[PDB]
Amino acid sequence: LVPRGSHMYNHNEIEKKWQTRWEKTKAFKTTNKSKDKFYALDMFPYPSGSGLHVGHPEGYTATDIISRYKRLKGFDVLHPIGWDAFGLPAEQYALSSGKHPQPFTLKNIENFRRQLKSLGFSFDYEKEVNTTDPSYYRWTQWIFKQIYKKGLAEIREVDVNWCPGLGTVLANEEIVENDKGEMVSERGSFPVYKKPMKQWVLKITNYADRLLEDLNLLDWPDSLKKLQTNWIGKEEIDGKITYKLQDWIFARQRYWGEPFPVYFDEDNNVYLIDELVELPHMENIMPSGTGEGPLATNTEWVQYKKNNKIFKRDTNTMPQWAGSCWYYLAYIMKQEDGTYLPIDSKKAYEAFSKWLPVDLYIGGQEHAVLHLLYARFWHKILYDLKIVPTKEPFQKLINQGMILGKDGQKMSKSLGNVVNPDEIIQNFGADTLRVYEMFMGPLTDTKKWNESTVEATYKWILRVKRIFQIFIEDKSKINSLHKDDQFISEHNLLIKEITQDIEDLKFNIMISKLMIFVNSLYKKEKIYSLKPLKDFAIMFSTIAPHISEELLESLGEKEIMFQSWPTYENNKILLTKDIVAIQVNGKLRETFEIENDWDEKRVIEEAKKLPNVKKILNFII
């Protein structure tokens, strides 16, 4: 049932209005007016279909809520989007559509961008990166070269996973075992087998001990630390320190990827090219199954002329992972005029020191031993080279649970179980989509799409809009003399508890709390002030920004970009609890509330949580 008549509000019109206003007013531009910084990052998407499905926005909603909250708390916020556009995902969608990946990728990116704007994510579109732009992959190639010069890239004979169906080698991390114990590509489920071949490898095993140990520095889920620990698989066996991890098969026999900025002489000595080496435009881009890539047939390009000698260019390309290994840095390098600060410049390093590590990164568990391992590896090499200031790229990682289709499988184009976001956004609105996805369950749980809960979410938003109408359009329903201490208390507590839920990324519970508050407004003949509506709107804006802006405007208030997070007075909350003063050797370092009297020895590990560490809690040596 699509909302109409008395069961609808003007969601399409409101959402377009506010999207337009945010663009004109530059609402999401990354500011630099504070010493408080927050880098909230989504895993950027592949343009490997005609558009997003409703699964994609789930994690993007979660980081948007935090980003929006942080702006309201006065932080400068980096929250950017971009296109993971090289390598197999983009190429395979082009090939399977009978299109050339250059124009087709551009065309699909336009659609993705339109979809994202229609959802009201607070991206600064001036920070966009595209891993296929030559100004971007200039740096991908630079990084590879520095990896080489450090001794960490070489061509050697290894046992590769040959994939006849793709015409290429694949890395061990790109292979999975099926129900019958057979090895297939993680993407496409193409059969593979082992074969000795001379191929480019990156020496990830040389970083294995640090990749393992440095997990201790990270606020990452146990499940993810475990996957990486087991993949690295460090074991002493008969005195040899061994690893299940092998060096990273890095070259692909495909057209659509970064060229290796490399040429060879008659003895196969490797030489490096200093400048950007662009992928030549070719029409003959189908993979040959021979062990060489399609670039090998481009005779004129492969013949590298230097000092009257004819050398041979490398004819492989880099994998899709090369651009995603450093894109979190590219966003910091990206400039208003469309250029990138040089990665090794002083200005880059200072900007990195301001923004890194990413404070909150959300993306799927499927990247456990792919991007989330590989990116850590490149980052550490850059750290060793004094290019980046931190040991680790991403401090806090959350893996959003998969949204499943109605078949109960993970939602994906490949399984033909997708729901098109354009239809939900048309029929119900972006605000409903965002609220619904957070309400489906805990962010980290998997969950199944359910039409009737979508419809219930829309009815709820309609209910919010109608309660605002009641109290705003009739001035007699607001009277500062009205006596209802419990409500003034409920209001102050809402601010406190919603704040805590946002901080905890417990967005489903946050919505339940907003629903309870609305139930309470519907019982009130009068309320003391419009302030609780203003505060509700400001806070709801983090999840339902379009309708929240509309409600704020109808209150005669300023737009969200000029607002602050609501403050509460704890002396209006009708129930107080014990405050425990924590000390470091007789000297006060923190105080905090302990809710109830449940535990005592378990609750001394709650005093360790607070960033500055029943009555007193002294810590003597």
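Throughout, we count residues from 1 along the sequence that is shown.
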Checklist line | Interval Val613-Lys614, deposited residues with no coordinates in the entry (none, 1 to 3, 4 to 9, 10 or more) | finding: 10 or more
Next item on the list: Mind pulling up the entry and telling me whether 370 to 378 or 344 to 352 has the higher mean Cα temperature factor?
Entry: 344 to 352
Notebook entry, point to check: Of the two stretches 118 to 126 and 205 to 213, which shows the higher Cα B-factor on average in the entry?
Noted result: 205 to 213
Notebook entry, point to check: So among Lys145, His482, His281, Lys226, who wins on Cα B-factor in the entry?
Noted result: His482
Checklist line | Out of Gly181, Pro319, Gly167, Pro545, residue topping the C-alpha B-factor column of the entry | finding: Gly181
Next item on the list: Would you please rank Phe28 by its C-alpha temperature factor against the other modelled residues of its chain and give the third it falls in: lowest, middle or highest?
Entry: middle
Check: Once the chain's modelled residues are ordered by C-alpha B factor and cut into thirds, is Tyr69 in the lowest, middle or highest one?
Finding: middle
Notebook entry, point to check: Hey, what third does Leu575 fall into on Cα B-factor, ranked over its chain?
Noted result: highest
Check: Which third, lowest, middle or highest, does the CA B-factor of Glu275 fall in along this chain?
Finding: highest
Check: Relative to the other modelled residues in the chain, which third contains the C-alpha temperature factor of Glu13: lowest, middle or highest?
Finding: middle
